[PDB]
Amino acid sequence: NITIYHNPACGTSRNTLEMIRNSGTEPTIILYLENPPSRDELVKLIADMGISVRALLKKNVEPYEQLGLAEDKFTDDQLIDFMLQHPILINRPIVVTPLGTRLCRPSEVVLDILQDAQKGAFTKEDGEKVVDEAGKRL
């Protein structure tokens, strides 16, 4: 039972999705830019990922820039409500599996929460080797 909050235009998200598939399961794919999580769902995701609200904020996107979010003048709940109102602010990809939830940045973080081992070697789309055929992390 795996869910990925995916942005197909993001290489990290594409690599994470292919590693999930290479473990032998096809995840539910949520295109969060169009179908964001609810507030309670987002609050839960953040608690499970063990990171701060601000660590989830995507920088270098229009609402981050124009709402001045680089400045330390926002409570965690203000930041959560901006994420809900402007889903491009939610960094990506988030992956949920029975073992837990992670912000999979870099993408190989996903290996922590995949229950089954990669089924053969995995190389990222830019040629960076991740696991060899034997299954060792490079």
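Heads up: residue numbers just count along the shown sequence, starting at 1.
- Stretches 73 to 81 and 36 to 44 differ in mean CA B factor, with 36 to 44 having the higher one.
- Mean CA temperature factor is higher for 46 to 54 when stretches 46 to 54 and 97 to 105 are set side by side in the entry.
- Note on the listed residues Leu114, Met19, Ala9, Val130: the highest Cα temperature factor in the record is that of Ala9.
- In the PDB entry, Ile2 places in the middle third of its chain by CA B-factor.
- Among the modelled residues of its chain, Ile88 has a C-alpha B-factor that falls in the highest third, as given in the PDB entry.
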